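Student: Below you will find the structure I want to go over with you.
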Amino acid sequence: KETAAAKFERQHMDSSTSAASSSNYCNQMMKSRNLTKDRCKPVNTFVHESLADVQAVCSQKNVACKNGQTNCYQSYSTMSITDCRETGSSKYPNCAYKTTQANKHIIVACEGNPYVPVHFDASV
């Protein structure tokens, strides 16, 4: 709500493009969202759907988190997703990514207040 909803939006949201067809997306994005900062994560998923669209999921199909469970919700249909996948070997500022584009469904956890997604569980 104050750091979680921001945390999620930081990592997973990109509602400015309907998609992403190129490794350029991933490389710029990870950098942009300073996701390479200090230590760039191996793999990250960006949702190309309006933030509202994503919040909406908080009141869709109720599932089981890959941990505790419910408070986990699954997207009815298919979401425009972009997968960012590390590539460039070495453990330093050397971070390159490949841009894989899918159309999968999302599993999100939601801290309502109104509703705000805070943790992006599995991407299908």
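Letters A, B, ... go to the chains of the structure tokens in the order shown; residues in each chain start at 1; ligands are counted from 1 in the same order.
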Go through stretch 72-103 of chain A residue by residue and, counting only C-alpha atoms, keep those with an atom at most 7 Å from stretch 34-57 of chain A; for each kept residue give the shortest atom pair and its distance in Å to one decimal, ordered by chain and increasing number, as CSV.
Tutor:
```
residue,atom,partner,partner_atom,distance
A:73,CA,A:57,CA,6.2
A:74,CA,A:57,CA,6.4
A:75,CA,A:57,CA,5.2
A:79,CA,A:49,CA,6.8
A:80,CA,A:48,CA,5.2
A:81,CA,A:47,CA,4.7
A:82,CA,A:46,CA,5.0
A:83,CA,A:45,CA,4.5
A:84,CA,A:44,CA,5.0
A:85,CA,A:43,CA,4.7
A:86,CA,A:42,CA,5.0
A:95,CA,A:40,CA,6.7
```
Student: Write out the residues from the selection above, keeping N, CA and C atoms, as a CSV table (one decimal), in the first residue's frame.
Tutor:
```csv
chain,number,residue,atom,x,y,z
A,73,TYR,N,-5.1,-14.5,-6.2
A,73,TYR,CA,-6.1,-14.4,-7.2
A,73,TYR,C,-5.5,-14.6,-8.6
A,74,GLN,N,-6.3,-15.3,-9.4
A,74,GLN,CA,-5.9,-15.6,-10.7
A,74,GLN,C,-6.6,-14.8,-11.7
A,75,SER,N,-5.9,-14.3,-12.7
A,75,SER,CA,-6.6,-13.5,-13.8
A,75,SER,C,-7.5,-14.3,-14.6
A,79,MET,N,-3.3,-12.2,-20.1
A,79,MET,CA,-2.6,-11.0,-20.0
A,79,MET,C,-1.4,-10.9,-20.9
A,80,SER,N,-1.2,-9.7,-21.4
A,80,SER,CA,0.0,-9.4,-22.2
A,80,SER,C,1.2,-9.3,-21.2
A,81,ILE,N,2.0,-10.3,-21.3
A,81,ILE,CA,3.2,-10.4,-20.4
A,81,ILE,C,4.5,-10.3,-21.2
A,82,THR,N,5.5,-9.8,-20.6
A,82,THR,CA,6.8,-9.8,-21.1
A,82,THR,C,7.8,-10.5,-20.1
A,83,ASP,N,8.5,-11.5,-20.6
A,83,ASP,CA,9.4,-12.1,-19.7
A,83,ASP,C,10.9,-11.7,-20.0
A,84,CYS,N,11.6,-11.3,-19.0
A,84,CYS,CA,12.9,-10.8,-19.1
A,84,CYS,C,13.8,-11.9,-18.5
A,85,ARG,N,14.7,-12.4,-19.3
A,85,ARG,CA,15.6,-13.5,-19.0
A,85,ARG,C,17.0,-13.2,-19.1
A,86,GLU,N,17.7,-13.2,-18.0
A,86,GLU,CA,19.2,-12.9,-17.9
A,86,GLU,C,20.0,-13.7,-19.0
A,95,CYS,N,24.9,-7.4,-17.1
A,95,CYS,CA,23.6,-7.9,-17.2
A,95,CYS,C,22.9,-7.7,-18.5
```
Student: Could you pull out the residues in chain A that DSSP calls strand (DSSP E or B) from the backbone, as a VMD selection string?
Tutor: chain A and resid 13 43 to 47 61 to 63 72 to 74 79 to 86 97 to 104 107 to 110 117 to 120
Student: Do you know which residues are at most 7 Å from residue A:78 counting only C-alpha atoms, after dropping those on the same chain fewer than 4 positions away, and could you put them as a PyMOL selection string?
Tutor: chain A and resi 103-105
Student: What does the distance from atom CA of residue A:8 to atom CA of residue A:118 come to in Å, to one decimal?
Tutor: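 Result for atom CA of residue A:8 versus atom CA of residue A:118: 5.1 Å, one decimal.
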Student: Please run DSSP on the backbone and report, as a PyMOL selection string, all residues within stretch 1-103 of chain A that come out as helix (DSSP H, G or I).
Tutor: chain A and resi 4-12+23-32+51-59
Student: Could you turn the residues from that selection into a file that holds N, CA, C and O atoms, as a tab-separated table (two decimals), in the first residue's frame?
Tutor:
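File produced: out_27.tsv:
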```tsv
chain	number	residue	atom	x	y	z
A	4	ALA	N	4.63	-1.76	-0.81
A	4	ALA	CA	4.33	-3.03	-1.46
A	4	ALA	C	3.69	-2.85	-2.84
A	4	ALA	O	4.11	-3.49	-3.82
A	5	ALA	N	2.63	-2.01	-2.88
A	5	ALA	CA	1.93	-1.69	-4.11
A	5	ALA	C	2.85	-0.97	-5.08
A	5	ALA	O	2.66	-1.01	-6.31
A	6	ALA	N	3.87	-0.30	-4.49
A	6	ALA	CA	4.95	0.39	-5.21
A	6	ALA	C	6.01	-0.60	-5.63
A	6	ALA	O	6.57	-0.56	-6.73
A	7	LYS	N	6.30	-1.52	-4.72
A	7	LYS	CA	7.21	-2.57	-5.01
A	7	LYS	C	6.73	-3.36	-6.22
A	7	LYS	O	7.45	-3.52	-7.20
A	8	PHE	N	5.45	-3.72	-6.20
A	8	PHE	CA	4.89	-4.49	-7.30
A	8	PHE	C	4.86	-3.69	-8.58
A	8	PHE	O	5.24	-4.18	-9.64
A	9	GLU	N	4.44	-2.45	-8.48
A	9	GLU	CA	4.38	-1.63	-9.64
A	9	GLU	C	5.76	-1.37	-10.23
A	9	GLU	O	5.97	-1.35	-11.44
A	10	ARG	N	6.74	-1.34	-9.36
A	10	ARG	CA	8.11	-1.11	-9.77
A	10	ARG	C	8.62	-2.24	-10.66
A	10	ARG	O	9.25	-2.02	-11.70
A	11	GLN	N	8.40	-3.44	-10.19
A	11	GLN	CA	8.95	-4.58	-10.81
A	11	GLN	C	8.16	-5.06	-11.98
A	11	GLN	O	8.73	-5.42	-13.00
A	12	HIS	N	6.84	-5.12	-11.83
A	12	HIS	CA	6.01	-5.83	-12.78
A	12	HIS	C	5.16	-5.03	-13.68
A	12	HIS	O	4.52	-5.60	-14.51
A	23	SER	N	14.76	-7.58	-27.30
A	23	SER	CA	15.56	-7.62	-26.11
A	23	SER	C	15.84	-6.22	-25.59
A	23	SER	O	16.18	-6.04	-24.41
A	24	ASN	N	15.67	-5.21	-26.48
A	24	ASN	CA	15.81	-3.79	-26.11
A	24	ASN	C	14.89	-3.41	-24.95
A	24	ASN	O	15.30	-2.74	-23.99
A	25	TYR	N	13.61	-3.82	-25.08
A	25	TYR	CA	12.65	-3.65	-24.03
A	25	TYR	C	13.25	-4.06	-22.69
A	25	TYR	O	13.45	-3.22	-21.77
A	26	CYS	N	13.58	-5.36	-22.58
A	26	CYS	CA	14.11	-5.93	-21.34
A	26	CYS	C	15.34	-5.19	-20.78
A	26	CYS	O	15.37	-4.79	-19.59
A	27	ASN	N	16.31	-4.96	-21.64
A	27	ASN	CA	17.52	-4.30	-21.21
A	27	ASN	C	17.29	-2.90	-20.67
A	27	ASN	O	17.77	-2.54	-19.57
A	28	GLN	N	16.48	-2.13	-21.39
A	28	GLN	CA	16.17	-0.78	-20.96
A	28	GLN	C	15.35	-0.78	-19.68
A	28	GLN	O	15.68	-0.13	-18.68
A	29	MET	N	14.34	-1.64	-19.69
A	29	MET	CA	13.43	-1.77	-18.58
A	29	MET	C	14.11	-2.17	-17.28
A	29	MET	O	13.96	-1.52	-16.27
A	30	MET	N	14.85	-3.26	-17.28
A	30	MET	CA	15.51	-3.66	-16.05
A	30	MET	C	16.36	-2.53	-15.49
A	30	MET	O	16.43	-2.29	-14.29
A	31	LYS	N	17.00	-1.81	-16.40
A	31	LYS	CA	17.82	-0.69	-16.06
A	31	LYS	C	16.99	0.44	-15.54
A	31	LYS	O	17.27	1.00	-14.49
A	32	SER	N	15.97	0.78	-16.33
A	32	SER	CA	15.04	1.85	-15.99
A	32	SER	C	14.50	1.70	-14.59
A	32	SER	O	14.73	2.54	-13.74
A	51	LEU	N	-2.77	-0.81	-15.06
A	51	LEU	CA	-2.72	-1.07	-13.66
A	51	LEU	C	-4.11	-1.46	-13.06
A	51	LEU	O	-4.21	-2.40	-12.26
A	52	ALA	N	-5.18	-0.74	-13.46
A	52	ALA	CA	-6.55	-1.08	-13.04
A	52	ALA	C	-6.87	-2.53	-13.40
A	52	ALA	O	-7.39	-3.29	-12.60
A	53	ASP	N	-6.55	-2.90	-14.64
A	53	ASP	CA	-6.73	-4.24	-15.13
A	53	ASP	C	-6.08	-5.23	-14.23
A	53	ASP	O	-6.61	-6.27	-13.94
A	54	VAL	N	-4.92	-4.88	-13.75
A	54	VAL	CA	-4.25	-5.76	-12.88
A	54	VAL	C	-4.85	-5.76	-11.50
A	54	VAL	O	-4.80	-6.77	-10.81
A	55	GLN	N	-5.29	-4.61	-11.02
A	55	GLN	CA	-5.90	-4.56	-9.69
A	55	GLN	C	-7.20	-5.37	-9.66
A	55	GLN	O	-7.58	-6.02	-8.65
A	56	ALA	N	-7.88	-5.33	-10.80
A	56	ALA	CA	-9.11	-6.02	-11.00
A	56	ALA	C	-8.98	-7.49	-10.64
A	56	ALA	O	-9.91	-8.10	-10.13
A	57	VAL	N	-7.79	-8.04	-10.89
A	57	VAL	CA	-7.55	-9.46	-10.65
A	57	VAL	C	-7.74	-9.84	-9.20
A	57	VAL	O	-8.12	-10.96	-8.89
A	58	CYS	N	-7.50	-8.88	-8.32
A	58	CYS	CA	-7.68	-9.05	-6.89
A	58	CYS	C	-9.10	-9.50	-6.50
A	58	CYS	O	-9.35	-10.00	-5.39
A	59	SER	N	-10.04	-9.32	-7.40
A	59	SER	CA	-11.37	-9.80	-7.17
A	59	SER	C	-11.84	-10.68	-8.31
A	59	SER	O	-12.96	-10.57	-8.78
```
Student: Between A:65, A:15, A:20, A:77, which is the closest to residue A:101 once you count only C-alpha atoms?
Tutor: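 Among the listed residues, A:20 lies closest to residue A:101.
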Student: Find the distance between atom CA of residue A:2 and atom CA of residue A:14 and write it in Å to one decimal.
Tutor: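 These two atoms are separated by 19.0 Å.
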Student: With distances taken over only C-alpha atoms, which residue among A:121, A:92, A:16, A:97 lies nearest residue A:70?
Tutor: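 That would be A:121, the residue with the smallest distance to residue A:70.
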Student: So, with only C-alpha atoms as the atoms that count, which of A:17, A:94, A:3, A:99 lies closest to residue A:119?
Tutor: A:3
